[PDB]
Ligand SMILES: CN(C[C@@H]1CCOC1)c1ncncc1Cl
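In structure tokens, the next block holds one chain alone, the form deposited without the ligand.
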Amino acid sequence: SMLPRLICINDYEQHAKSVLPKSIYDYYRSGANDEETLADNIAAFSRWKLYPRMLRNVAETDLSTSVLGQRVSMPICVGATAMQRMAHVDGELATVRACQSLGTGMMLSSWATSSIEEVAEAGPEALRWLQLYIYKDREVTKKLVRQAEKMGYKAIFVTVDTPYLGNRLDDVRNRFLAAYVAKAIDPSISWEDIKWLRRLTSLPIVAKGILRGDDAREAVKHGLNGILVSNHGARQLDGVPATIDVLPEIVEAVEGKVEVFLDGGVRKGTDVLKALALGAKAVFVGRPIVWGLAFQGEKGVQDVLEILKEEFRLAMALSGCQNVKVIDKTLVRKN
């Protein structure tokens, strides 16, 4: 009952725009270039129509599932978002605490405003994963992985779509990064560097930012454990498809050999249901978490995750799904 009265994820965004400095809100909101993919990440979900089954018995809903062999309370997890401390003083420590309370997983940015150890201490019982860039400096890359293994993180999400930073026009206009990303991130990396990381760690490895069937198959062939279908929140290459539109081609391409996840434009419970109906194991949210932080730190993130949880529960119930095992491709049809 905290004010203003926010009852959906778009209310959290509207609140954030009213309290964040322009250049911070713009950094978090922006897509790349004309933001074609940004609009489509959202619009594409509306074109997938639901076909609810009546009279299935939805008295008891169970949202529980597993990610990479680890139980979660719901198929709705926190994605890596850099610079959470610009949204709230507690930053990633607030986030992990909310994930611990919800029983869901947090993917930590490889350049978070909090250390791998600090986040493990704030959230010792939270399911925690590390998002990894392969830096030009492979010694710091290796150290992050070792620190993740040591601090009880359960997987590496290696981001492969950012050899350079996307062109976000508001960040250029605000004089808000591309030059710094280009100093640290290695744009030379290939499947050879994936072989290296696959040998470096026995943690589960997900390739984050695949949009092609052939690349997904290359990821399976290299012993990777998951695909995160991502266009990096439409902040990298503008004019790529919406993740919900390429998800089915990627699911088909991997023939059940690895878990397939989605991010990009998840705002509502029906977005989660549509993604699972098309074969995603779970979805990740980026921006909604930041809007949560901007509203009220830990409680704001908990609020956003609880809103998505309960929207998802209702969408499951109204569609005749008592649990995620019964969510099938006949629930959806593109229009």
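From 1 onward, residues are counted along the sequence shown.
The same protein has a further form, the form solved in complex with the ligand, not shown here; the description that follows concerns it.
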- request: Counting non-hydrogen atoms within 4.5 angstroms of the ligand in the deposited bound form, say which of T61, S46, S66, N33 makes the cut.
  value: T61
message: Whether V326 contacts the ligand in the deposited bound form should be assessed with a 4.5 Å heavy atom distance threshold; does it?
response: no
task: Give a yes/no on whether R313 approaches the ligand to within 4.5 Å in the deposited bound form, heavy atoms considered.
output: yes
statement: With a 4.5 Å heavy atom cut-off to the ligand in the deposited bound form, the contacting stretch among 66-74, 271-279, 47-55, 305-313 is 305-313
